[PDB]
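Trainee: Quick one: structure below, then a few questions.
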Amino acid sequence: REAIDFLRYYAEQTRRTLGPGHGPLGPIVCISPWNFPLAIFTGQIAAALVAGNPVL
Amino acid sequence: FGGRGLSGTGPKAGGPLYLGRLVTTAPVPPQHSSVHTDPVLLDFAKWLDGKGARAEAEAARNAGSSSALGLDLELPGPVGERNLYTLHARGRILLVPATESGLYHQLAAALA
Amino acid sequence: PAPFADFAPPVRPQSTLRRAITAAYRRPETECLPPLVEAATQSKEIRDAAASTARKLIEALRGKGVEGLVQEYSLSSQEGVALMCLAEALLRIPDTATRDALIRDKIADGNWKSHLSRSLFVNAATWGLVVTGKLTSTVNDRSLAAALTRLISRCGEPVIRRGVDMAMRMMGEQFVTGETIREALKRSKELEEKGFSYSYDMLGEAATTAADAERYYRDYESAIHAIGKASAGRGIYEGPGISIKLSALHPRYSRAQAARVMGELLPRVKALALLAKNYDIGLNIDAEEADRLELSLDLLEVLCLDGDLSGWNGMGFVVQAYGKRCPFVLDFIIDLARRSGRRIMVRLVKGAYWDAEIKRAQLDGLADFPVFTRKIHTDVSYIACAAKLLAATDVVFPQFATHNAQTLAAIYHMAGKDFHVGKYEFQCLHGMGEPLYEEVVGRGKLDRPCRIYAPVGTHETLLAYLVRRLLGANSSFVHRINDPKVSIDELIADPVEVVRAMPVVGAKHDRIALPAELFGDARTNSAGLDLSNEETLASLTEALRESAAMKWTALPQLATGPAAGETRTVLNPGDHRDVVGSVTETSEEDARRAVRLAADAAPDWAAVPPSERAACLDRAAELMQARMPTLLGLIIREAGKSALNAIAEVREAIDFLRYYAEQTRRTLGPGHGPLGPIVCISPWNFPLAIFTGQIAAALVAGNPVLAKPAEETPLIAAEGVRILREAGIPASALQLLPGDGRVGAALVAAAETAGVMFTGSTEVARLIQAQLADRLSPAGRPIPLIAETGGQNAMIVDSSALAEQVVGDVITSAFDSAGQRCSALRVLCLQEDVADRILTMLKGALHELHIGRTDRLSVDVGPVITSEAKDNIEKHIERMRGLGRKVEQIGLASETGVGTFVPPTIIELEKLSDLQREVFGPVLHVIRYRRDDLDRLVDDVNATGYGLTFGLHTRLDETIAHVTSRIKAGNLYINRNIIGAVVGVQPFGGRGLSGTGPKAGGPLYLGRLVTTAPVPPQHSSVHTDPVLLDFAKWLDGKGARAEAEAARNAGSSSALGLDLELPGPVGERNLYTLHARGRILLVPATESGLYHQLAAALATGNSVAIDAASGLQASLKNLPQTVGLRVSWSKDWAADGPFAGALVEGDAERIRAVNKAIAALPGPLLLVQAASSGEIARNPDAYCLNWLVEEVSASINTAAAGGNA
Ligand SMILES: Cc1cc2nc3c(=O)[nH]c(=O)nc-3n(C[C@H](O)[C@H](O)[C@H](O)COP(=O)(O)OP(=O)(O)OC[C@H]3O[C@@H](n4cnc5c(N)ncnc54)[C@H](O)[C@@H]3O)c2cc1C
């Protein structure tokens, strides 16, 4: 559920905020832990992706 | 979710400042504003006016207005719970200026 | 001239029909409804038929703008409001190509702020209503600025373009029919061809100056020509007409100014009507506030009887069905139509001022409302009045203005089958009612005509009252037809049958308080008097005349009986030929005897249980209420007050009596022993209310009182004492000692005087302070002094404020009571971009004031109290004039020669510091400020050292937050005048040079008048000062365990941070908060005493200055930085001030010595608390935390945007 929530939350935050002047950083390295191996994994990746950055 | 000090850098995950850190110009998050103006920022702006540092005084007043310090929101959630989100001062900010005008702008940002 | 012989004569003798109107003014709602229900009743067959027609109309309305924009660009509510505000501002750019360039090149590229002295969001409350349907009194301009930046950065130029085009259509085609009458007339041809007609509303309203009324006249005259030319002989039923508001045509349109209205406003309406007659068009008189209804009837009567207007039936008049007088007004108008033979056009409406009528009746303490309190009652009233109108179509032309399809259907079937054009019509609002009435007009529908009420005006004009026009309320029909939660069956419900079947027909709304019940179970509100009610004016006229025939006296009323002395007369300040009465002044020996008598009787009065002492006060309030008309006449003639201000003063005295009685019943027990004899010294400017309040508080707290009234106004004081004694206060508990400062000084100096309550000048208060510092109580403690003194009160106005509203509040604040209020507005601060416009309006409004002897209702401003006050005030004005400052003064009539008058005066200053003394008269000073310098201006206001009342006019939350957080004043007022603080609602009292506190009419007041203070109602705080907490940890680190525990107990017992909303009228929020006082002077003797003093001061939020002569510096080594920030040491106390209070430790002689040194400090009179070392060890309450916090009252007008959410 937390993974789903991160995806939908950062999707909605994007729809509320990002326009052409909010340029991406570029490649983002996302390093996640073993204790929330889907939720934190998904949240960091979803946020970097939806902001326009490719993710490692 | 997320903390201060040895607990992390922020901004909080699953909160409205998060995406702004992943772009080179941060947007204005939803509901991110405050009607409060730091009173020390105000005193600094008047001091800058006294010195004739007009561009800096203007930048200080603009920082005092656009600061979201004192934001205090209730977030939608389940019944039987009250979920609150507030923005406070961070602490002491390290300023590393190169020029006098740069120092004035940095002070304005931190005081506001 | 005989007193009150010309007080308020009616325009004409009141006919039987006019008397029935006045009789209904505030009739109980249970009495109004049954006859309306009976008159609105229709047959079962007609009710079924009407339900069917209304269902049919509502079916089409539901099967047929900003919302599509919000959807297309996924805007939040704040983004939609911000966008519409941006669009409005872009539309203020006249040239299209320039505007489009700003959008494309500079706005859409961000940094909208750089390109657009006035907030973008001044009108956001109005757009908020458009976008969200909800009303906000003030604007969160920081939220809107964030939303605007977000939406522009997200969607760019396309959303700006759509917003501009949307705003252009709404403001140019929907909220108005057109920007000018010519454009409105061109756009009316479409619907006239379909069977509609038009009435044009030139959006004129509430003239403030003669020049404004002149502009409104020529605007109406020019529209009449354009409409009459366009009408081209179509006549008053087929062709267009005009609607006017009488308040647009004269700046003093009120019953109080009825003579000016009949002499100056009437000929202007006649000249417009003569032009409407020549073109043969309708001229409708719109209905306004309830207190203007009957005055407007006097103009309607003269016009309908004027032979010069004969032959024309175009004159029209609005009647509001939400008003209790509506059927009786209609009876009167129908009779007038019969007598004059003019077929009066009667526009029946529900009414547009409902929220305002509720608030006004509550503020004025009147018996009831002049409007209904349940929407369904107004609906029944409308249908009943339609039945009366439809029975008189031969002599009047009814015009049923309504968007409610149920109301429409009921009237359509009530009118029956016979119809011809000219029999009656419906009416609707432009851009609102056409949907409904396109199902009505024409042979294919109901074949009944509809006249469109068509606003005409620019964007500026339209926006000024758009809020009122939208109120859109949850109960409104158009809100419900567009609410999916409401079925058709709910919409076609018969309000007559719903009301008929309610348990109590016509019961008041459960959630609206009658004015008497504003405070619920706590106490009974005082009742006022309606000076727009002819019966009240006639009865008051007789009482005032009878009051001037009484031989008023004031004598030294000692415990043993009246005493002899030097007797002289008391003169009316407006006319020294009018002798009001005689005063016998007290000898210094008898004043000293009086204190000893009070001392001897103190145990007996202290033994009367607090409840019974409070019963005395409640009995006195009842007596003053019943005697108000007689008290009015005395106050008018002795103190020079207007009748309006005298009513408020008697109300205040009643409120003080009832408030302190209730506070006594809430608090006082056997452990709160009285101080002893208390000397009460009261001023001449509120000679009954402040006099009563000080004496009532001291008495109900168990103290015997020596009452020293101002030398100028002993008569009302003597009458006050008479009433208190009649109410049961024994003569030994309340002695009256008339006389000058010798009497006051003898009383203050008497050894048995245990406390002094003083209201007056700072100069005298400082002399009393020095006298008292000579003495100690028998317990060896300072004599308490409550000293309430003047203020140099300011109002700050920014470019978002509404000029008309500002000017009215400024005129009232500065010149009411000839500026002889402690709260009066002395300095007006105008943002530079609007200063010239507001000053022009202010000067014009100044010259509309009537100055003279106050025994006429028409007088706005009376005399100043003495020739000495006059000379002092005029010397100031001439100094300012001699310095080249601009000085505006109204000319005075020759009759003022027999009294002491100062004309209301406006003086334009360069800097606030140009004003170097308090000027206690009708003298307003004006300064201008640049917006960026607002924070410095507040600094300048604070720097005077005064801190009584302060006003702010702004719509912007950021400016409200800033200014109210930085200003240092006891009574704050937002978007209203700054005078007339209401007991228990705006507890009154300032800081600094303005007073010691505690606030009069507030919950800390009685506790100052007993040896051990009680816990006031609601007096607590869950907040703990964090510097106090740091100090308590430091004390524990030093091993001072007992002190550390006392510090934590002080942190919990402090009420710093209390934040309450006080009950009061609707449309206002009244807040009461406890803040730190400032820097407290600490004069310790021992290390432990210092620690206890520091804890008390820190727990209440204060900084401290510790006497360096104590030698206790080594007692505070290694203080935490947070505590060090609040601690200073002082060798020269006078140099390190001002202080906000003091704590002293010592034996009796040390306390007396320190108390004298404190009294010699320049500036504010310090509230000093003293204790011995042993007392600090034995009594945890040795220092009382009540006196280490500052009370702040804030009153916010939440109706200021044009309505009450
Ligand atoms: C053509 C035209 C001309 C008008 N001229 C004037 C004018 O000169 N003067 C004037 O004062 N107004 C005027 N009005 C406004 C009118 O008085 C109504 O208030 C408004 O138009 C709505 O009434 P309704 O029958 O359309 O809608 P409804 O939803 O049926 O009625 C709403 C009305 O109910 C009343 N009401 C709401 N709440 C309560 C309550 N709690 N207790 C008692 N009553 C309540 C109010 O009067 C409110 O306006 C005019 C309206 C029109 C269309």
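In the structure tokens, each chain is lettered A, B, ... as it comes, each chain's residues begin at 1, and ligands are numbered from 1 in order of appearance.
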Using only C-alpha atoms and all ligand atoms, determine which residues fall within 6 Å of ligand 1, then list them as a list in words.
Mentor: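 Checked against 6 Å with only C-alpha atoms and all ligand atoms; the hits are residues 286, 287, 288, 318, 320, 322, 349, 350, 351, 352, 353, 372, 373, 374, 375, 378, 401, 402, 403, 404, 427, 428, 429, 453, 476 and 477 of chain C.
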Trainee: Counting only C-alpha atoms, which residues from chain A have an atom at most 10 Å from any atom of chain C, and could you show them as a list in words?
Mentor: residues 14, 15, 16, 17, 18, 19, 20, 21 and 22 of chain A
Trainee: For residue 39 of chain A, list every protein, DNA or RNA residue within 6 Å, evaluated using only C-alpha atoms, and leave out those in the same chain fewer than 2 positions away; present the list as a list in words.
Mentor: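 Near neighbours after the sequence-gap exclusion: residues 2, 3, 36, 41 and 42 of chain A.
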Trainee: Take the residues just selected and output them with N, CA, C and O atoms as a compact mmCIF listing (two decimals), in the first residue's frame.
Mentor:
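So the final result, stored in again30.txt, reads:
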```
# COMPACT_ATOMS: atom_id res chain seq x y z
N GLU A 2 1.95 1.26 0.77
CA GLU A 2 2.80 2.44 0.80
C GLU A 2 3.44 2.70 -0.56
O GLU A 2 3.52 3.85 -0.99
N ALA A 3 3.89 1.65 -1.26
CA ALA A 3 4.41 1.82 -2.62
C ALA A 3 3.37 2.45 -3.54
O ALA A 3 3.68 3.38 -4.30
N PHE A 36 12.43 -1.79 3.93
CA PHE A 36 11.23 -1.49 3.15
C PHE A 36 11.60 -1.68 1.69
O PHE A 36 11.69 -0.72 0.92
N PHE A 41 12.14 1.77 -1.92
CA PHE A 41 12.58 1.55 -3.29
C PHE A 41 11.70 2.29 -4.28
O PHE A 41 12.19 3.09 -5.09
N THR A 42 10.38 2.05 -4.22
CA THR A 42 9.45 2.64 -5.18
C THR A 42 9.35 4.15 -5.01
O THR A 42 9.28 4.88 -6.01
```
Trainee: Please report, as number ranges by chain, each residue of chain B to which DSSP assigns alpha helix (DSSP H) when run on this structure's backbone.
Mentor: B: 39-51, 54-66, 100-111
Trainee: Kindly export the residues of the current selection with C-alpha atoms, as an mmCIF file, in the first residue's frame.
Mentor:
```cif
data_model
loop_
_atom_site.group_PDB
_atom_site.id
_atom_site.type_symbol
_atom_site.label_atom_id
_atom_site.label_comp_id
_atom_site.auth_asym_id
_atom_site.auth_seq_id
_atom_site.Cartn_x
_atom_site.Cartn_y
_atom_site.Cartn_z
ATOM 1 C CA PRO B 39 10.361 40.160 12.785
ATOM 2 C CA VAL B 40 14.179 40.025 12.708
ATOM 3 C CA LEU B 41 14.064 39.930 8.895
ATOM 4 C CA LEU B 42 11.980 43.115 9.106
ATOM 5 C CA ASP B 43 14.584 44.778 11.340
ATOM 6 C CA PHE B 44 17.319 43.732 8.893
ATOM 7 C CA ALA B 45 15.368 45.214 5.960
ATOM 8 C CA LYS B 46 15.061 48.573 7.729
ATOM 9 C CA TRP B 47 18.777 48.557 8.540
ATOM 10 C CA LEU B 48 19.509 47.916 4.850
ATOM 11 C CA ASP B 49 17.222 50.835 3.921
ATOM 12 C CA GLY B 50 19.148 53.048 6.340
ATOM 13 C CA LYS B 51 22.442 52.208 4.615
ATOM 14 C CA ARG B 54 18.204 49.437 -1.760
ATOM 15 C CA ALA B 55 18.470 46.304 -3.929
ATOM 16 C CA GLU B 56 19.252 44.228 -0.828
ATOM 17 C CA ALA B 57 16.450 45.780 1.243
ATOM 18 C CA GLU B 58 14.046 44.855 -1.553
ATOM 19 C CA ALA B 59 15.430 41.311 -1.659
ATOM 20 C CA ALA B 60 15.002 41.001 2.104
ATOM 21 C CA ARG B 61 11.377 42.110 1.962
ATOM 22 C CA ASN B 62 10.702 39.716 -0.895
ATOM 23 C CA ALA B 63 12.275 36.898 1.121
ATOM 24 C CA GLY B 64 10.184 37.788 4.162
ATOM 25 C CA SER B 65 7.011 37.482 2.095
ATOM 26 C CA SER B 66 7.847 34.351 0.128
ATOM 27 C CA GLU B 100 29.160 42.205 1.003
ATOM 28 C CA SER B 101 26.059 42.134 -1.216
ATOM 29 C CA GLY B 102 26.212 38.340 -1.246
ATOM 30 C CA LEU B 103 26.337 38.339 2.556
ATOM 31 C CA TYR B 104 23.289 40.620 2.720
ATOM 32 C CA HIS B 105 21.296 38.347 0.407
ATOM 33 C CA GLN B 106 22.339 35.249 2.388
ATOM 34 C CA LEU B 107 21.367 36.874 5.687
ATOM 35 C CA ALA B 108 17.997 37.885 4.245
ATOM 36 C CA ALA B 109 17.272 34.308 3.147
ATOM 37 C CA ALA B 110 18.236 32.862 6.531
ATOM 38 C CA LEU B 111 16.523 35.516 8.646
#
```
Trainee: Could you go through segment 490-673 of chain C and tell me which residues DSSP, when run on the backbone, assigns to strand (DSSP E or B), listing them as number ranges by chain?
Mentor: C: 552-554, 557-558, 561-562, 567-572, 575-584
Trainee: Would you export the selected residues with C-alpha atoms as a PDB file, in the first residue's frame, please?
Mentor:
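Done, and the output landed in result04.pdb:
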```pdb
ATOM      1  CA  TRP C 552     -30.403  68.929  39.624  1.00  0.00           C
ATOM      2  CA  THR C 553     -27.920  69.220  42.493  1.00  0.00           C
ATOM      3  CA  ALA C 554     -24.733  67.572  43.723  1.00  0.00           C
ATOM      4  CA  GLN C 557     -22.894  63.207  50.554  1.00  0.00           C
ATOM      5  CA  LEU C 558     -21.028  61.983  53.619  1.00  0.00           C
ATOM      6  CA  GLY C 561     -25.603  63.014  55.660  1.00  0.00           C
ATOM      7  CA  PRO C 562     -25.322  65.896  53.191  1.00  0.00           C
ATOM      8  CA  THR C 567     -22.175  76.265  46.140  1.00  0.00           C
ATOM      9  CA  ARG C 568     -22.002  77.321  42.495  1.00  0.00           C
ATOM     10  CA  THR C 569     -24.006  76.642  39.362  1.00  0.00           C
ATOM     11  CA  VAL C 570     -23.250  74.090  36.637  1.00  0.00           C
ATOM     12  CA  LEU C 571     -23.466  75.423  33.085  1.00  0.00           C
ATOM     13  CA  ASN C 572     -24.203  73.756  29.735  1.00  0.00           C
ATOM     14  CA  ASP C 575     -24.693  77.462  25.949  1.00  0.00           C
ATOM     15  CA  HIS C 576     -23.505  79.052  29.187  1.00  0.00           C
ATOM     16  CA  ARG C 577     -26.909  80.776  29.551  1.00  0.00           C
ATOM     17  CA  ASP C 578     -28.467  77.337  30.232  1.00  0.00           C
ATOM     18  CA  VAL C 579     -27.974  76.603  33.926  1.00  0.00           C
ATOM     19  CA  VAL C 580     -28.199  72.850  34.447  1.00  0.00           C
ATOM     20  CA  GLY C 581     -27.994  72.722  38.239  1.00  0.00           C
ATOM     21  CA  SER C 582     -25.988  73.506  41.348  1.00  0.00           C
ATOM     22  CA  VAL C 583     -23.006  71.813  42.989  1.00  0.00           C
ATOM     23  CA  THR C 584     -21.910  72.164  46.616  1.00  0.00           C
TER      24      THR C 584
END
```
